[PDB]
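Here's the structure, in structure tokens; my notes come after.
Counting neighbours? That spans all protein chains shown, and the Cβs are built from the backbone with ideal geometry, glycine included. Only the coordinates and a few stated rules stand behind these numbers; no lab work does.
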Amino acid sequence: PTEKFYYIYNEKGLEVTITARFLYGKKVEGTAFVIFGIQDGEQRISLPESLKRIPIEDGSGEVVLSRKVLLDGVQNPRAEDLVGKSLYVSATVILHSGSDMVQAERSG
Amino acid sequence: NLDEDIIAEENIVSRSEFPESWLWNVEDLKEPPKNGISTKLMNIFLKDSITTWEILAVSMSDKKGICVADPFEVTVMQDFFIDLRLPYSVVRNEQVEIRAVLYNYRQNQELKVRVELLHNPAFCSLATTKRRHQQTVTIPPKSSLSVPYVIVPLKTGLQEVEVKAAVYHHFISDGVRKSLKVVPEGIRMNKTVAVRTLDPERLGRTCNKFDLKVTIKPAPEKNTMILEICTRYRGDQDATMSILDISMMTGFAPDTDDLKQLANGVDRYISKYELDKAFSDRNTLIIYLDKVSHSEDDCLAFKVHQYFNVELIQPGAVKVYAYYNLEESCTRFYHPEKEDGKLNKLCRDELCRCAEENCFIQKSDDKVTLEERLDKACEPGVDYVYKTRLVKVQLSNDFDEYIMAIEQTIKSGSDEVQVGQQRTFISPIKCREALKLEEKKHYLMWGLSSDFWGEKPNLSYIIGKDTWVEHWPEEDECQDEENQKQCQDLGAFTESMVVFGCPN
Amino acid sequence: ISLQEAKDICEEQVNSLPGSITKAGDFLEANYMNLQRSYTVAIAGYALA
Ligand SMILES: *[C@@H]1O[C@H](CO)[C@@H](O)[C@H](O)[C@H]1NC(C)=O
């Protein structure tokens, strides 16, 4: 994610850059599965409405979570309870080969 | 023998060493220092694994103390190579799928590859000892291709797989050689009757998330057929994005425009490049779904075309799972005549062997003389040569059983055969009609000691690649002047076999 | 009124609802005075209530 945190008033919502590369030193061509969630200490809550199915372009990619979509999910719309909650992102990317598959995550 | 211009599989030094870690080394810094620096240069060898090798070190001098280092990166690769992608926990005696990805990082040069899945008696493959399984393919520069291979783990433990790919009008070859774990099930409890005479004589002193119905059907009007799939989820609420991995019967491709027609389809999407991929080696397809239902059958179907003509065709494969979870997947294999698309093998209590090699020793050759006839009968391999009469016949899906009536023991071998005895010979269903075999006919037959199914006295017989069979008519069916030449060589084969016996 | 009868019920599963309530009642209040019959008077009064 562009900035390490989530800014509550960032109208953009959140722009995310996906870098995917082979171990030997070459870039990957494919398609991605992006899912997010929230963690409250040891308590994690999954965010089902946000999953986006998204292409991967010459070892580079951009994904955008528009602020409109973001806010429709939330349970209690705005409160102080929300602070102290962190976000985690699980990525599942499949090659054009259809064969190899990688689970990735940004947490905290 | 079409083309002479490829590197022989027999000379394809595969990639062998794939440690997940190594060089646990410990080396000492004896060099005369300059600048206060002893410098060490350890000439080493580069493992047969293509990855950047990260190097981590620690200098323990007793005077200055410990010291971690800046990790060192050695970037390893070849222009063109393979990597093979397998599962881990496979189950012995269950047909599975693997995928082999050849990458090509040549910038402007396309490539034509002949690649063989290499034969292994631990696996039921399509590759017999003598009948190679070589697939020919073409690669766009700076692109890689996914090749499926469905197999049966016949044995347990650390099994290695090898595939050697060689190229034409160019230089390199490569080979992957990679092990994993095979294991057993142990149930053998499928709808047993109370006493089915399963026991021997001498002993003693799974798709849980998914509904998946796949059937490949034919077309009305080279050859094109229909692929049909029929899927569902088993739960309380409908499920999230599900994925399909679909792979092509050897030499197959979908209908490019019906593919396009389906992608605009509701709840579905296939990106453009795997959708406008080329007809040249379009072989593996991945289709992602928005959601899948728990309430009823939502099927799909589309066309497949035959790019290259080969008589025998790897089953297609279809693997479906929720976007999040691969391990609770469900895999089906298809084949139009093979029900559920499974290779023919031969099974007893916990053992199986692969029954997929040529039906019998090849017939119709110009040469049918006594000279070659005897030569294949004077070989040591021939354990038994019998002459019986097709008495009974059990036909079935799996195999087709011919009950043979041995009256004379021409040459017993490692067999204890009594006179006027009834014994069971098998032939796979794929072969049945090619044999043009009818009951009530005499047959003079022979095989090997290795080609005996079971243990004594509850045994059976198997007709293999090198088994020889030939019908024997009656006395009233050889008096024809047309049928002279056959019955001539039958009489002289017999007598000179009988009088002389075997030479040795 | 049918929607708002079961408010504080479908707030967790569907957070769209409060919008449909508000703008429907807005359409009421800006355009409630200009009615003639009492039936429409009565019901729309209650929903603004
Ligand atoms: C169970 O029976 C079915 C036929 O009814 C057969 O297809 C399958 O191979 C059997 N499974 C085992 C583990 O024997």
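In table form, for the structure just shown:
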{"read-out": "Order of B:202, B:92 under a 10 Å beta carbon neighbour criterion, fewest first", "value": "B:202, B:92"}
{"read-out": "Trypsin sites (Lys or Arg not before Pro) within region A:54-108: DSSP coil, no more than 14 neighbouring Cβ in 10 Å", "value": "A:78, A:85"}
{"read-out": "Under-5 Å amide H pairs with residue B:293, H placed in peptide plane, nonlocal only", "value": "B:233"}
{"read-out": "Chain A: relative contact order in percent, alpha carbon pairs under 8 Å with at least 6 residues between", "value": "30"}
{"read-out": "Inter-part distance where region B:38-102 and region B:158-229 are each reduced to a Cα centre, Å", "value": "31"}
{"read-out": "Positive dipole terminus of chain C, leading residue within C:47, C:10, C:30 (C-beta point charges)", "value": "C:30"}
{"read-out": "Of B:441/B:465; B:436/B:485; B:142/B:291, pairs whose Cα-Cα distance is over 27 Å", "value": "B:142/B:291"}
{"read-out": "FRET efficiency, residue C:4 to residue B:26 (Cβ-Cβ, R0 60 Å, nearest 0.05)", "value": "0.20"}
{"read-out": "Local net charge near residue A:60, Cβ-Cβ under 14 Å (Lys/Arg +1, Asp/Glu -1)", "value": "-2"}
{"read-out": "Computed over chain C, Kirkwood Rh from alpha-carbon pairs, angstrom", "value": "11.7"}
{"read-out": "Förster radius 41 Å - calculated FRET efficiency between residue B:94 and residue B:172, Cβ distance, rounded to 0.05", "value": "0.70"}
{"read-out": "Total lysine pairs under 23 Å (Cα atoms) in chain A, excluding pairs fewer than 8 apart on one chain", "value": "11"}
{"read-out": "Other protein chain Cβ atoms within 10 Å, averaged over every residue that makes up A:24-35", "value": "4"}
{"read-out": "Relative pair counts by distance (%), Cα atoms of chain B, 10 Å bins", "value": "3, 14, 21, 21, 18, 12, 7, 3, 1, 0, 0"}
{"read-out": "Where N is the number of residues in the protein assembly as shown, Cα Rg divided by 2.2 N^0.38 Å", "value": "1.33"}
{"read-out": "Label zone at residue B:307, where the point sits 7 Å out along the Cα-to-Cβ direction: region B:241-259 residues whose backbone N lies under 14 Å", "value": "B:247-256"}
{"read-out": "Computed Rg/Rh of region B:131-200, alpha carbon atoms with Kirkwood Rh", "value": "1.20"}
{"read-out": "Peptide-level mean, for B:267-278, of C-beta atoms on other protein chains within 10 Å", "value": "2"}
{"read-out": "Packing-based exposure ordering (other Cβ within 10 Å, fewest first) of B:45, B:452, A:36", "value": "B:45, B:452, A:36"}
{"read-out": "Residues with amide H under 5 Å from that of residue B:181, placed H, sequence gap 5 or more", "value": "B:90"}
{"read-out": "Packing-based exposure ordering (other Cβ within 10 Å, fewest first) of B:327, B:356, B:350", "value": "B:327, B:350, B:356"}
{"read-out": "Along principal axes, Cα extents of region B:311-408, largest first, whole Å", "value": "66, 31, 25"}
{"read-out": "FRET efficiency for residue C:13 and residue B:362, using Cβ-Cβ distance with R0 set to 60 Å, rounded to 0.05", "value": "0.30"}
{"read-out": "Residues of type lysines that residue B:155 reaches as a straight line, Cα spacing below 20 Å, ignoring anything fewer than 8 places off in the same chain", "value": "B:178, B:181, B:342, B:345"}
{"read-out": "Net charge of Cβ neighbours under 12 Å - reference residue B:317; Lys, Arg +1; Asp, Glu -1", "value": "+1"}
{"read-out": "Paramagnetic reach from residue B:455 in region B:199-230 [backbone N under 18 Å; point 7 Å along Cα→Cβ]", "value": "B:199-205"}
{"read-out": "Within straight-line cross-link reach of residue B:191, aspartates and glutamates at Cα separation under 19 Å, skipping those fewer than 8 residues along the same chain", "value": "B:94, B:199, B:349, B:350, B:398"}
{"read-out": "For peptides B:243-254, B:488-499, sequence by mean Cβ density within 10 Å, most packed first", "value": "B:243-254, B:488-499"}
{"read-out": "Size of region B:211-260 as Cα extents on the principal axes (Å, biggest first)", "value": "45, 20, 18"}
{"read-out": "Unit Cα scatterers, Debye sum, region B:382-504: log10 I(q)/I(0) for q = 0.12, 0.17, 0.22 Å⁻¹", "value": "-0.47, -0.94, -1.45"}
{"read-out": "Environment charge of residue B:344, counting only residues whose C-beta is closer than 9 Å and scoring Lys/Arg +1, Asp/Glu -1", "value": "+2"}
{"read-out": "Per-residue mean of C-beta atoms belonging to partner chains within 10 Å, peptide A:58-65", "value": "0"}
{"read-out": "Dimensions (Å) - chain A, Cα atoms, principal axes, largest first", "value": "46, 29, 22"}
